[PDB]
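All remarks here apply to the structure that follows.
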2 protein chains.
Amino acid sequence: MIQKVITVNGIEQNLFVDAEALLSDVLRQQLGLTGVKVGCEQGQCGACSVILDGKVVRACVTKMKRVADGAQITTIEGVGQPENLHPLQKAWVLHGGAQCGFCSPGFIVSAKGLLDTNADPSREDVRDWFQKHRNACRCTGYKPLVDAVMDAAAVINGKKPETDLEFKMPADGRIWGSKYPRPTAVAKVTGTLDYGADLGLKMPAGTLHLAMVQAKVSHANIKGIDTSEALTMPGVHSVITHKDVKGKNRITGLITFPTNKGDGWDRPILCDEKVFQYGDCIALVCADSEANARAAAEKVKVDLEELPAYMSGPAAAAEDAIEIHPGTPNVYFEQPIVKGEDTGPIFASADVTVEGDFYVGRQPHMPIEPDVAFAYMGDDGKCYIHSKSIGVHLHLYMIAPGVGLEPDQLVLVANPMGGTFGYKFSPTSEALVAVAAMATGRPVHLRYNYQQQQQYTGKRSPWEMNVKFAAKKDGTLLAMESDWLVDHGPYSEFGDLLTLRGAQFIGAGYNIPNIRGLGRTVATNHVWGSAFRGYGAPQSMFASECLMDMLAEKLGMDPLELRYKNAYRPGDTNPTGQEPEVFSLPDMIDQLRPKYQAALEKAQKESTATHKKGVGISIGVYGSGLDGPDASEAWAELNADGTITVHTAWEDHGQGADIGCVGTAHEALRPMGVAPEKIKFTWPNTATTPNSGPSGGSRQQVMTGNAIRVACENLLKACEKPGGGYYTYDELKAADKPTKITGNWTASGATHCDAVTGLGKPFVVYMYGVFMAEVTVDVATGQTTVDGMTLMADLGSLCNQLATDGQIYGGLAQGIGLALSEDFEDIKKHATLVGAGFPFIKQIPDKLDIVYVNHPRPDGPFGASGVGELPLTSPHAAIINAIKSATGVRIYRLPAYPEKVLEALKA
Amino acid sequence: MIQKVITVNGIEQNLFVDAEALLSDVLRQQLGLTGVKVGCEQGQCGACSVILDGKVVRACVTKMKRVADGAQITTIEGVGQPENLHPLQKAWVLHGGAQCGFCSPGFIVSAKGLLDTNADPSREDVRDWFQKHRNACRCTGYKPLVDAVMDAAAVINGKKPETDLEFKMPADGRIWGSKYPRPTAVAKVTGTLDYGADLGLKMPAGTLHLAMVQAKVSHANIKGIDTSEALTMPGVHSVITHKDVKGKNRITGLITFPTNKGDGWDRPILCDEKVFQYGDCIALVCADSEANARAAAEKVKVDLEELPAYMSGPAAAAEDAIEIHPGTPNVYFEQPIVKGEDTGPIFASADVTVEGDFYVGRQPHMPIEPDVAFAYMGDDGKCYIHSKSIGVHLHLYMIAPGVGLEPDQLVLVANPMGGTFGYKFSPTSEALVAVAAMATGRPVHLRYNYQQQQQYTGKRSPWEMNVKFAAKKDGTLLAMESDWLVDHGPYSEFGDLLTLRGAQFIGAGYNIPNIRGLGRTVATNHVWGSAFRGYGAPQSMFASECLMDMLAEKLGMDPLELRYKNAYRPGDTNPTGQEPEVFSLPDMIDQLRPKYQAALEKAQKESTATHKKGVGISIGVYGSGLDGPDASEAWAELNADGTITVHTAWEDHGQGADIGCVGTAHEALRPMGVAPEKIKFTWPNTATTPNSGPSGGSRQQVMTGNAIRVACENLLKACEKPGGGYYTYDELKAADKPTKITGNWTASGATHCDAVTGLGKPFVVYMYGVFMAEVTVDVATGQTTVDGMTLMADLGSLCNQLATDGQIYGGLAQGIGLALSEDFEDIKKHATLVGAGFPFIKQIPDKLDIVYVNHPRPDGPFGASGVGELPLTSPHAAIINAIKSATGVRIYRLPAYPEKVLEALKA
Ligand code: FES
Ligand code: FES
Ligand code: FES
Ligand code: FES
Ligand SMILES: [Cl-]
Ligand SMILES: [Cl-]
Ligand SMILES: [Cl-]
Ligand SMILES: [Cl-]
Ligand SMILES: [Mg+2]
Ligand SMILES: [Mg+2]
Ligand SMILES: [Mg+2]
Ligand SMILES: [Mg+2]
Ligand SMILES: [Mg+2]
Ligand SMILES: [Mg+2]
């Protein structure tokens, strides 16, 4: 051990450390500076950036031996605090740079380092700095972060007053549609919002820390578990196995379709008889620290009989493949789509037909914060779980029978969280922590490392797809045929539903009167399927939007004009036979047209012999809602202090549940003149917030936004004075009148799609958009650079523009990843950010352009649709269409790795 | 466990706690708010004061169940931080209210609570508030704390500008003699100085926490130790016993006098054969936390044969008493005092003689911070100990042979510390932590609780005393006889030396030509003797100063005039035959006289039938230095940045080692124009600071102050340019000239007192003072209230007036405790602050008056003497003399408990 006397955030610290210890651990654990965020732990994400003697370093890869006596360290806590914000922190707030907020401390500390060395950077200088310092963000698409740096620099340079970093209320006093900052932004930019791992450090002494004993083969029969050596190891309390589970030890898919051949109870909580994928949790070590639990977990011995594993859909779907879940065929679900007339004769007599085989793979979510959860037994006898769940009520019912609790005896709460992008539509760690809390009676905390986040959370499910179009010479679509195979890994939850998305979204955007198709879901031993932003659209619309370009090529027609000819107009129906609710695609195409033509001309002029430029188009469509007559609930409560609490379970991945609530309520409460800072939101909790439903399906703004609107309308009625005006809280309480008022809303016009035909009216509100990608391909290396993305977006009406702009930039960046670099195919190689192709700042163009073409929705609150998933519906199709434009090469199977592109160029 | 969402220092905290947990533990351990200081842990000291929903509460006695959802908590960290100080914190700094600083956060938080309820308090309102809230201070005497509250309130009230709370540099630029604030004050008032227990919380995961297995009888032969149950208990690593000690397992007294009958190696590190006092450490449990170590320590079984214990000096000194240390008589040392002619004939022929038997007991130090230390093996192979040692070099040599290390292999460092008042002139926990670090190879931390601080640290040693005077009718002293018996408990360290103090200080202040006396030291089984501020003078001068009043009474002379007649004047010698170095007592008496006469008149006028007022006088004298030719060393270093570091081992109990260094160096460096903020001090460290010696004997200002002066003079010579002016660092470095320059100083004129006669010249500088106490006795109850204290003090020249004023107020308050309420006699009853008679604010008058009558010392730096122990030399004699003045009752045996006073009143 060594004494080190240093200065941290301006205060002399008399430190006692192990010279081998990581600075991140010292700062977080010994000094309580949990504003230093840790994600990857491998020096790849910059979340743990700190200033050390004037240099920006990653604290997770800086040992204490590199910190000299007398060193100066700055963390986010030293940059500024609430009520003493630095210009960078004010700028972040103003520009909406904190979505999940997990990367915000590291970017801000890194930026301070930049500005201390270059007071007046160009935008390009800012991008070069964040690239060099590995500052990664999965939410924002980087552009808002650069905007914030530039604004702060101008203030620091005396070129503009600091007061201009503070939001100015619009003239009308309306925050709906404005850039009003989100309530959680100050806490995020100051490092004072506690995420799950931060909460773990601030839990009491009694708390047990868990480590997973995980399968290191993809498929096996389990013969036994020997814990004897682990029990003798430092700090070890106990080891938990399936024997300690008090219920069924299975997670239920809950809404398993009746035509599914499996019962939906296939997923274990702790493996008993079998390993179904690499990483499966077989046991939990409980110890005094994460480090001691992990060390002991390595000594637990599992006796296994390894079985042949099926690592892709086609492999597992073979007619003679062995049943992974004995008694259920590996192909466990099929969804037909049967619209209009038989397609065979129409294809035979059509002027033109095209066909393609496409593949979209196992995209990894890659939030900067790896999964984390904790649980405890309350003094009320109930089991409490605090996790990254974005469907607290959903998950309660998915896990309660398995853990052995009635629903009233379990409470699920959503912690502040550093992004999910859908992986938390699935249970991950909730049942594990519940089982351990119940078995030990003690508080328990489980943190995944980044390898476990990659290997042992669910993934976008690969789809192998064949799609065909028949059309007239003038471009009018006549018919479509479709076939898709969905590799869902071993656990069925929502796999059938994902497969149904193919019937709804393959070919969406166009009038197609005649469709015949079939989706099939298959169990495999690769990673189980969890929702990933877009949930079947990124697969479906990659195929159809690439195929539209192929059809345009075969017709000798411009691909934007082919889309114009076919885009939904009054009278048309979507693939499930439903009329669209608004008709904005022609408007969006007309507004994009001159920009597209100019981009074509620029690409022609600026192309060189070695660097070929191209422009690509696609349409995107997705529903806002869960299928059928989805619903939500909110309570609007006038508090004694005159503030209003809007109680919901709107789960915040980081997308903006806080600002969605405040902005929607503010608009609904305007008759009573309620200031936005007086409106409070509630963190999701199954005991004390209503069942607003999950934050999946780009649904909350529509469903919970409407419920909030109705609750607030009902509160206004409750407060109305006869003669005009409004009663105060004290007046209502004196009259023994209610102050907490419910609102509900249901998407009553919706129906579930039919099991035989696929037809129905699954959503009452959709999102619509048109993408344009501008790319350069180096034809010597095959490397593609995306130079610009544009999204024409119809969101109906914006609740908050900082929220929507950011959602779109984030989704476009994930689209660039999906197109060019991202997969989870190789269990080890793809288990790091860099290995799996995470997009760092230089991979995302600074030119991300949005054009809102909003057509107010009949059923949306104040006319709003959702936004969340719109920007990832088909940006990757636009990008691949642009590669084709540039070079003549079509990539059919994502991603467009350089070698793959080169092989196609040279064929 | 329960979730609690509350606000702490203005920030929302999502807390997870045990409802039974103490708020102090939650704030310190879970939230890292170590500005919440914990001392007593029993709700008696206020150090852990926090604001909870507008009320000031003691966090160590507030369970989390009393903290409601939505509660607001403020700690010192929420009051203000460095560079954002609250007016209370600025005022504390300006008024010198932080000495050790341990109580400062709690007083400041408590004061904020006061001012939030009463914006314009009277001084009396402030005293009532701190009494009610149990805010205890052992350093300051409370008056500076009240001054600070009043000044802050005026600013908060807009009656004066906040800038007036900031120190204004004197016209001359001289900080010597000024009220310049101490360098450590900002850290103390903000809770950002880490004391030993705070450092323990910020140590790494690997650190083992220790608990003592202690004797629960006063005297025994040990037969065995059974650790088997303790080893099976939660979190337990190992148990350490004498078998694990690698050296002699004895602490050496090091300077044991040759005429001592014992070898000075009597004290074990871990008991082997015997228990010698209640509390002796027999074993150490090493565990993952203090709580787990303590639980397991209760299960360690010690097999003992209890022996009859001698619990007082007279008991152990009986001719037939059994030897506690077999082979050494219990009375192990005698010091004669033989000055001038045989006293018997002079007593026989004298006009008047008086005699008395007096007792001063086992006063407990009662710092607000209980003992704490830690140790580790450095990467350099050396053992490091960080503790409350106020003699790091001394303790290194006292413990190295016992722990089994050569001196170069052990390093002792003084942590910031919350007061000692002498108990840390002894080793307490240093050898214990060293043994455990060496045995385990791991860092170890040991915190005593307040019961252990009381029972198992050393104490003022009781003295049973008989003193006699012979005098002429005119009051001229002719002769003195003296006999004293010193109960030193079982461990000999510095016991012989303490006994020698009796020869030096009984009767000090007066010319007494003929003295015959004898001091004897006896081992007992009550608590071992450690220095307590005054170190033999409080005993010695209680006897002589009470006896002077008895002599005045028998002569019918005023007691101030009897002192005037006899006080040292040129030609006189002190008891050891040495001429005083200055003669300030007549000056001080003349200046006090009218104040004394006025106080007598006020007491006559304001006395009632039931409440009798009195006035009492005493003189105090003590040396500044260790005996003989004491010495110190300092290094003055010009740093590259133009600052100057003055390297010393001046140990800071809280008295002001920092400001002593800065002020002394500033004065010495004035020719070169060095600003005070450019002068740095060093925390004591045996490897990297010179052997400046211990902070005992009121010696550092003289000895180390002189060494600092000489070092700085030598640095000026090193920096001098030919032609005039001074070279800069860069100029000296370019010329390959030295920048780190040594200075030494030795008290060359001093000699050790003789073993046969007691005569010698032990100190070259003394401190001199005259006390006046004003008291009221309730003759129905026997309760004495001290209404005023005055000290005329000759300190030569003041280094810093905030430091000296505070030292005097602190010592006067300890004098009130010693006189009226304090003892450690009953092992259990006296093991709490309240039980042992700690003086809370109402016990200390707001009227504490100082008058400096400074006569510059020939050998002091810039003429300075020490101050530390002067104010505790005899204030308790003045107080008892005042009780006599009021009521006619003399208390001979301290303390003057009410029942004792009543029995005397009614006799
Ligand atoms: S770079 Fe340190 S946590 Fe990712
Ligand atoms: S805001 Fe950057 S990772 Fe979420
Ligand atoms: S009153 Fe809480 S530590 Fe003393
Ligand atoms: S300053 Fe108050 S206890 Fe030391
Ligand atoms: Cl391909
Ligand atoms: Cl490649
Ligand atoms: Cl008495
Ligand atoms: Cl009493
Ligand atoms: Mg500022
Ligand atoms: Mg079954
Ligand atoms: Mg038509
Ligand atoms: Mg202020
Ligand atoms: Mg011996
Ligand atoms: Mg004389």
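Per chain, numbering begins at 1; letters A, B, ... match sequence-line order.
- Between the side chain of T746(A) and the backbone N or O of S748(A), no donor-acceptor pair lies under 3.5 Å.
- Between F505(A) and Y622(A), the ring-plane angle classifies as tilted under the 30° and 60° cut-offs.
- By the 30° and 60° cut-offs, the orientation of the rings of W484(A) relative to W463(A) is parallel.
- No cation-pi contact links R460(A) to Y423(A), judged by a cut-off of 6.0 Å to the six-membered ring centre and 45° from its axis.
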Exercise. Please step through side chain to side chain contact (heavy atoms under 4.5 Å, CB included) for the pair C546(A) and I880(A), ending with a clear verdict.
Key: CA-CA 8 Å; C546(A) 290; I880(A) 265 60; 3.8 Å; yes
Exercise. Assess whether salt bridge (charged side-chain N to carboxylate O under 4.0 Å, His left out) is satisfied between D630(A) and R699(A), documenting all intermediate values.
Key: CA-CA 9 Å; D630(A) 192 4; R699(A) 74 182 279 283; 2.9 Å; yes
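- Here the straight-line distance linking atom CD1 of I515(A) with atom CD of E481(A) works out to 11.0 Å at 0.5 Å rounding.
- At least one side-chain heavy atom of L795(A) sits under 4.5 Å from a side-chain heavy atom of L870(A).
- Defined by atom type and a distance below 3.5 Å, a donor-acceptor pair is missing between the side-chain atoms of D846(A) and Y142(A).
- For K602(A) (side chain) and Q597(A) (main-chain N/O), no donor-acceptor pair under 3.5 Å exists by modelled atom type.
- Remark: aromatic rings of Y568(A) and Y510(A) are distant, center separation not under 6.0 Å.
- A distance-only check finds no donor-acceptor pair linking the side chain of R563(A) to the backbone of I589(A) [under 3.5 Å].
- Judged by distance alone, the side chains of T785(A) and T776(A) never bring a donor and an acceptor atom under 3.5 Å apart.
- The two residues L802(A) and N800(A) come nearest to each other via the heavy atoms N-OD1, 3.0 Å.
- Of the inter-residue distances, the one linking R138(A) atom CZ with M366(A) atom CE reads 4.0 Å to the nearest 0.5 angstrom.
- Using a cut-off of 4.0 Å between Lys/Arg side-chain N and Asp/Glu carboxylate O, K847(A) and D787(A) are scored as not salt-bridged.
- When only modelled atom types and interatomic distance are considered, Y852(A) and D805(A) share a side-chain donor-acceptor pair under 3.5 Å.
- Within the 3.5 Å criterion, the main-chain N or O of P580(A) finds no donor-acceptor partner in the side chain of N574(A).
- Contact check for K339(A) versus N514(A): no side-chain heavy atoms found under the 4.5 Å cut-off.
- The closest donor-acceptor contact from the side chain of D558(A) to the backbone of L560(A) lies under 3.5 Å.
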Quiz item: Should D590(A) and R593(A) be marked as a salt bridge (charged side-chain N to carboxylate O under 4.0 Å, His left out) after you check the CA-CA gap, both sets of side-chain angles, and the distance that decides it?
Solution: CA-CA 5 Å; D590(A) 281 328; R593(A) 189 180 288 108; 2.7 Å; yes
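- Note that the NE2 atom of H876(A) and the OG atom of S618(A) stand 8.0 Å from one another [nearest 0.5 Å].
- Side-chain atoms of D483(A) and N466(A) include no donor-acceptor pair closer than 3.5 Å.
- Between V867(A) and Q701(A), the closest side-chain pair of non-hydrogen atoms is not below 4.5 Å.
- Under the 4.5 Å side-chain criterion, counting only non-hydrogen atoms from C-beta, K613(A) is not in contact with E774(A).
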Practice problem: Any chance you could lay out the salt bridge (charged side-chain N to carboxylate O under 4.0 Å, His left out) test for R501(A) and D627(A), step after step, and finish with the verdict? | Solution: CA-CA 10 Å; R501(A) 290 281 179 279; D627(A) 306 57; 2.8 Å; yes
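- Inter-residue side-chain proximity for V486(A) and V522(A) is flagged as unmet; no heavy-atom pair is nearer than 4.5 Å.
- Of the inter-residue distances, the one linking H855(A) atom NE2 with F583(A) atom CZ reads 11.0 Å to the nearest 0.5 angstrom.
- By the 4.5 Å heavy-atom criterion applied to side chains, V765(A) and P858(A) are not counted as neighbours.
- Looking at every heavy atom in both residues, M550(A) comes nearest to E355(A) through CE-O, 3.5 Å.
- Across every non-hydrogen atom of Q335(A) and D754(A), the tightest pair is NE2-O, 3.1 Å.
- In this structure, the separation between CG on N330(A) and CD on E319(A) is 11.0 Å, given to the nearest 0.5 Å.
- Comment: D487(A) engages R362(A) in a salt bridge, judged by a side-chain N to carboxylate O separation of less than 4.0 angstrom.
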Practice problem: List the steps and the verdict of side chain to side chain contact (heavy atoms under 4.5 Å, CB included) for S530(A) and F494(A). | Solution: CA-CA 8 Å; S530(A) 293; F494(A) 318 117; over 6 Å; no
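- A side-chain donor-acceptor contact under 3.5 Å links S624(A) to the backbone of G866(A).
- Applying the 6.0 Å contact sphere to CD of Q591(A) captures more than 12 heavy atoms from other residues, nucleotides or ligands.
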Practice problem: For the pair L477(A) and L551(A), evaluate side chain to side chain contact (heavy atoms under 4.5 Å, CB included) and give the outcome as yes or no after the intermediate values. | Solution: CA-CA 10 Å; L477(A) 288 163; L551(A) 178 54; 3.7 Å; yes
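- Among all heavy-atom pairs drawn from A750(A) and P762(A), the shortest one is CB-O, 3.8 Å.
- Residues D496(A) and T521(A) have side chains that never bring a donor and an acceptor to within less than 3.5 angstrom of each other.
- Between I891(A) and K900(A), the closest side-chain pair of non-hydrogen atoms falls below 4.5 Å.
- Taking CE from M548(A) and CE from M541(A), the interatomic distance works out to 10.0 Å, rounded to the nearest 0.5 Å.
- No side-chain donor-acceptor contact under 3.5 Å links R857(A) to the backbone of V702(A).
- Centroid-to-centroid, the aromatic rings of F532(A) and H365(A) come within less than 6.0 Å.
- Nearest heavy atoms, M789(A) versus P875(A): CE-CB, 3.8 Å.
- At distances below 3.5 Å, at least one donor-acceptor pair connects side-chain atoms of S698(A) with backbone N or O atoms of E869(A).
- When atom types are taken as modelled, the side chain of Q539(A) and the backbone of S461(A) share a donor-acceptor pair closer than 3.5 angstrom.
- Considering every non-hydrogen atom in both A479(A) and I346(A), the closest pair reads CB-CG2, 3.8 Å.
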Practice problem: Please report the C-alpha distance between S821(A) and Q843(A) in whole Å, then the side-chain angles of each, then the deciding distance to 0.1 Å, and finally whether the side chain to side chain contact (heavy atoms under 4.5 Å, CB included) criterion is met. | Solution: CA-CA 10 Å; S821(A) 60; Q843(A) 182 171 347; 2.8 Å; yes
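- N566(A) contributes no side-chain N or O that, together with a main-chain N or O of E561(A), makes up a donor-acceptor pair within less than 3.5 Å.
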Quiz item: Please walk me through it: do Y892(A) and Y359(A) pass ring pair (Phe, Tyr, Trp, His ring centres under 6.0 Å)?
Solution: CA-CA 6 Å; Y892(A) 297 94; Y359(A) 176 86; over 10 Å; no
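- Taking the six-membered ring where the residue is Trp, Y768(A) and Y766(A) present tilted rings, their angle falling between 30° and 60°.
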Quiz prompt | Step-by-step salt bridge (charged side-chain N to carboxylate O under 4.0 Å, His left out) determination, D778(A) to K612(A) | solution = CA-CA 7 Å; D778(A) 176 338; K612(A) 298 271 188 75; over 6 Å; no
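- A cation-pi geometry, defined here as NZ or CZ lying under 6.0 Å from the six-membered ring centre and within 45° of its normal, does not hold between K261(A) and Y332(A).
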